Amino acid sequence: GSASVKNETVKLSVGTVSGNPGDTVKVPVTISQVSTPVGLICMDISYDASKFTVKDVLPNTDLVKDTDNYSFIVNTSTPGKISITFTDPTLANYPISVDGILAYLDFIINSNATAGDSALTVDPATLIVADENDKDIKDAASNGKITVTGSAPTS
């Protein structure tokens, strides 16, 4: 009924994870309350480049399919910024209108990283979630918070 022909408010959610210095932490970006197929996703992750270091990111292939159609775009910007963009032209074949995790962000917590809570600032302006009707339909709050335990003498 109210989906596709009607656009809803898609929540982009992230949570709080914990890790140790030298431990690799994976931050899942959760997409919730989606019913209309999304096609345009862009997000800038501005994080602490000294405390964390991104390895790579895992796209959820349930949602993002046939990434070879340039549906998967990751530009590793100047240290601390990750420009991630998922734009899929294959949205009629694969309608991302189902919930789950969008992508998993893998960050290594640095050896010299200080304990405490440090959140990853996902830039809300560069964060764009538009469907095939090109409407930004996101209720988004995304600051992936990583609680560094600091389980060591110090680091």
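From the set of residues in the stretch 36-62 that are in contact (Cβ under 8 Å) with a residue 12 or more places away in the chain and polar (S, T, N, Q), which is surrounded by the most Cβ atoms within 10 Å (Cβ to Cβ)? Looking at the filtered set, the residue picked out is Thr36. Of all residues in the stretch 63-88, count the ones that are touching a residue at least 40 places away in the same chain (Cβ under 8 Å) and either in a loop (DSSP other than H, G, I, E, B) or of a type outside the set (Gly, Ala, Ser) (or both). Qualifying residue count, the stretch 63-88: 5.
A single member of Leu63, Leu12, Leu58 is within 15 Å of the chain's Cα centre (by Cα) and farther than 30 Å from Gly116 by Cβ, and it is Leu63. Taking the options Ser151, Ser97, name whichever one is over 30 Å from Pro37 (Cβ atoms), small (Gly, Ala, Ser) and either more than 14 Å from the chain's Cα centre (by Cα) or surrounded by 19 or more Cβ atoms within 10 Å (Cβ to Cβ) (or both). Residue meeting the stated conditions: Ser151.
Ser118 passes every criterion in (1) among the polar types (S, T, N, Q); (2) in a loop (DSSP other than H, G, I, E, B); (3) surrounded by 17 or more Cβ atoms within 10 Å (Cβ to Cβ) apart from (2).
Every read-out reported here was derived from the displayed coordinates using simple, explicitly stated rules and does not represent laboratory data. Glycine also receives a Cβ, built like all others from the backbone with ideal geometry; neighbour counts cover every protein chain displayed.
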